[PDB]
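**Student:** There's a structure below that I have some questions on.
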There are 4 protein chains.
Amino acid sequence: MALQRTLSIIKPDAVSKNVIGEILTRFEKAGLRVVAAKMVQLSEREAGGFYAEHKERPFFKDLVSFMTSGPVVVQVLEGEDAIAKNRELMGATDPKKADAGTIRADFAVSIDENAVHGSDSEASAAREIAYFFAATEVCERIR
Amino acid sequence: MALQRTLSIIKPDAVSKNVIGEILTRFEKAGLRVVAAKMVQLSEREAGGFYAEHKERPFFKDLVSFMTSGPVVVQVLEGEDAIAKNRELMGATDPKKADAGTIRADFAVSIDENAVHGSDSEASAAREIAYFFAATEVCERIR
Amino acid sequence: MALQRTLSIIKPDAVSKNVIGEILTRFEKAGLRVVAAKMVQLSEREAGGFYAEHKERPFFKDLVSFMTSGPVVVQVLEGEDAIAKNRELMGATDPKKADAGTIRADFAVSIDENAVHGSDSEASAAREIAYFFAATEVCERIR
Amino acid sequence: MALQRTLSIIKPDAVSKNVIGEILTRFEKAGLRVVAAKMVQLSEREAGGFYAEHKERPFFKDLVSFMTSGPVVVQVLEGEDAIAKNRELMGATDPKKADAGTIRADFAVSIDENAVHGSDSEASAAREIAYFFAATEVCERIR
């Protein structure tokens, strides 16, 4: 299948325990290419807009409060079947249900503080990436 | 003695061979904290301005050529005695003369393609960091 | 009917002759709102990844050459029927065929150096804006 | 003495009443050059850091409230004795006391909502500019 893109956010729990290099290597080892990256401190509004999807959900407030508790790292990953592949090595959203070797298994403390977020689909990825990055900022690799 | 900052650039050789995660983890393992990060592709001018110090030096233009051949990753590392510490684990500029365990030993192919650059002092760090980052972009860790 | 958005680029001819304030006020007087703005020096690469649409056109080379000859200003304009309105006060692409009172009439020297560019439809606007700006950077205002 | 730089912030009062074009043209007419610009929505944290100088002053709280109430425009102006020239055009901080023709006279409603901020010295300018802009983002004019 064709090369796709997905968004990776390293959440503040993983940033603050200094496991950024560790997490990014996992993606690279799986054959994904990091084609954009920037560390940013999300404002309240910025977080609300990204998770606008879940605005009417129950725990939107806690999610937002956690995602703005410190700096995150926002990333675009490129490669063959990138969406499903990112998802695989990240593992189940719930860390206690995650497989051995996944990022959720190895770095996540709880449901809330689950280390990293990833795009769940083809369509979700396009929106999530466009939200954080202008198209010119994405530097797909040439050599 | 105090916490300092230094600039790390992962050069295009290391970006294109997908060793970014690997290199960042080395920094983190040594107890440095990544407090800013962004992937950019340097334009001709960007590069010239950063290495303005060596403009007068003869090869300069091969360095410029190399640094703009593809995307790089620019980061700010924070921690105790951060300058000397970054330099330690980076290793000698010349990769053949670097020790075992350093980034130059493990990732660098030649003098020219030597994987990464780092600030070489207290004062050069301030200038190099200010060149790539506004002070508000630097996100000191609170959690 | 509905409030829309369009992209404004003040090209390097107009930037270098210091007419930025003049042009922006024209937009504002017409009831459009500037909801994003940044001055950038477009790289040779950036070059019309923007103008990818005219990549096969003959004189593409000169357009790109001109658009990177100096700094431009990239803007998002918001308001009722913003697309047609921007186009109205901008005027015809040829400055000599442009109507009196328009930007092309008042600031443009030639076909090549025609002061400013604008989005030509709803669909082209969405693409052009997304190219230069992440959605979070666009600040619709309240107060 | 040579060309200098100063920071201009168009505050949210002036942004929301759509006088950005008007204010910028004033600067340009005076022979100052806009060499950087970006519209931003300052978070609490961003604003507090910029006015860190007045953090022990009593009124601080209201200043911060106002500066984050909506989007602002941050600008770097370059030209001969740019610092005193920016200050001339702007007028007295207190709009009552401002001369005719100045920005404070023509756009400012009160002490709090005084339309725009500027750097007050060489030294304050260097820090204010560095705070919002990396040195590479500043595009001094060619051509």
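By order in the structure tokens, chains are A, B, ...; within a chain, residues start at 1; ligands start at 1, following the order shown.
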With a distance threshold of 12 Å and counting only C-alpha atoms, extract the residues of chain B near chain D and express them as a PyMOL selection string.

**Tutor:** chain B and resi 40+42-52+126-140

**Student:** Output as a list in words all residues of region 37-137 of chain D that backbone DSSP marks as strand (DSSP E or B).

**Tutor:** residues 37, 38, 39, 40, 72, 73, 74, 75, 76, 77, 78, 79, 80, 116, 117 and 118 of chain D

**Student:** Next, dump the selected residues to file, keeping only C-alpha atoms, as a compact mmCIF listing (two decimals), in the first residue's frame.

**Tutor:**
# COMPACT_ATOMS: atom_id res chain seq x y z
CA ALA D 37 5.61 40.46 11.72
CA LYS D 38 3.31 37.80 13.15
CA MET D 39 -0.18 37.85 14.66
CA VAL D 40 -0.34 35.78 17.86
CA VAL D 72 -2.05 41.00 19.02
CA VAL D 73 0.44 41.69 16.23
CA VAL D 74 4.17 41.56 17.02
CA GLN D 75 6.53 43.50 14.78
CA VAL D 76 10.25 44.28 14.45
CA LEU D 77 10.97 47.74 13.00
CA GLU D 78 14.36 48.63 11.49
CA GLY D 79 15.76 52.03 10.40
CA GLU D 80 17.87 54.99 11.56
CA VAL D 116 0.25 49.81 20.91
CA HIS D 117 3.45 49.09 22.86
CA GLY D 118 7.06 49.93 21.85

**Student:** Using only C-alpha atoms, which residues sit within 10 Å of residue 15 (chain D) once same-chain residues fewer than 2 positions away are excluded, as a PyMOL selection string?

**Tutor:** (chain C and resi 33-35+141) or (chain D and resi 10-13+17-21+23+39+70-73+115-116)

**Student:** Would you please extract all helix (DSSP H, G or I) residues from region 43-112 of chain D, as assigned by DSSP on the backbone, and give them as a VMD selection string?

**Tutor:** chain D and resid 44 to 50 52 to 54 60 to 67 82 to 90 95 to 97 103 to 107

**Student:** Name all residues at most 12 Å from residue 82 (chain D) (count only C-alpha atoms; drop same-chain ones fewer than 4 positions away) and give them as a ChimeraX atom specification.

**Tutor:** /D:1-8,27-28,30-34,76-78,86-89,118-122,125

**Student:** For the residues in the current selection, export C-alpha atoms as a PDB file, in the first residue's frame.

**Tutor:**
ATOM      1  CA  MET D   1      24.190  55.862  15.040  1.00  0.00           C
ATOM      2  CA  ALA D   2      23.423  53.328  12.388  1.00  0.00           C
ATOM      3  CA  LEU D   3      20.250  51.460  12.033  1.00  0.00           C
ATOM      4  CA  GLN D   4      18.595  49.993  15.135  1.00  0.00           C
ATOM      5  CA  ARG D   5      15.662  47.696  15.775  1.00  0.00           C
ATOM      6  CA  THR D   6      12.660  48.002  18.071  1.00  0.00           C
ATOM      7  CA  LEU D   7       9.641  45.825  18.862  1.00  0.00           C
ATOM      8  CA  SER D   8       6.103  46.949  18.063  1.00  0.00           C
ATOM      9  CA  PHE D  27       5.632  53.441  10.877  1.00  0.00           C
ATOM     10  CA  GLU D  28       6.488  53.052   7.170  1.00  0.00           C
ATOM     11  CA  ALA D  30       8.264  57.689   9.151  1.00  0.00           C
ATOM     12  CA  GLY D  31      10.937  55.686   7.231  1.00  0.00           C
ATOM     13  CA  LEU D  32      10.942  52.590   9.490  1.00  0.00           C
ATOM     14  CA  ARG D  33      10.984  49.139   7.806  1.00  0.00           C
ATOM     15  CA  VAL D  34       8.876  46.196   8.971  1.00  0.00           C
ATOM     16  CA  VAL D  76      10.246  44.284  14.452  1.00  0.00           C
ATOM     17  CA  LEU D  77      10.966  47.744  12.998  1.00  0.00           C
ATOM     18  CA  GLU D  78      14.357  48.627  11.489  1.00  0.00           C
ATOM     19  CA  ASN D  86       9.071  54.503  16.947  1.00  0.00           C
ATOM     20  CA  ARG D  87       8.480  56.315  20.267  1.00  0.00           C
ATOM     21  CA  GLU D  88       7.955  59.695  18.487  1.00  0.00           C
ATOM     22  CA  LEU D  89       5.119  58.360  16.227  1.00  0.00           C
ATOM     23  CA  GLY D 118       7.064  49.927  21.850  1.00  0.00           C
ATOM     24  CA  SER D 119      10.622  49.341  23.150  1.00  0.00           C
ATOM     25  CA  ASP D 120      11.827  52.169  25.404  1.00  0.00           C
ATOM     26  CA  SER D 121      15.650  51.768  24.885  1.00  0.00           C
ATOM     27  CA  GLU D 122      18.382  49.895  22.926  1.00  0.00           C
ATOM     28  CA  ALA D 125      14.520  46.269  22.512  1.00  0.00           C
TER      29      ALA D 125
END

**Student:** Could you check how far CA of residue 22 (chain A) sits from CA of residue 100 (chain B), in Å to one decimal?

**Tutor:**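 About the pair CA of residue 22 (chain A) and CA of residue 100 (chain B): they are 20.6 Å apart.
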
**Student:** Provide the CA of residue 113 (chain B) to CA of residue 57 (chain B) distance in Å, to one decimal place.

**Tutor:**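 It comes out at 17.8 Å.
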
**Student:** So, counting only C-alpha atoms, which residue among B:61, B:85, B:54, B:97 is closest to residue 29 (chain B)?

**Tutor:** B:85

**Student:** When you draw a straight line from CA of residue 112 (chain B) to CA of residue 26 (chain A), how long is it in Å?

**Tutor:**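 CA of residue 26 (chain A) lies at a distance of 28.0 Å from CA of residue 112 (chain B).
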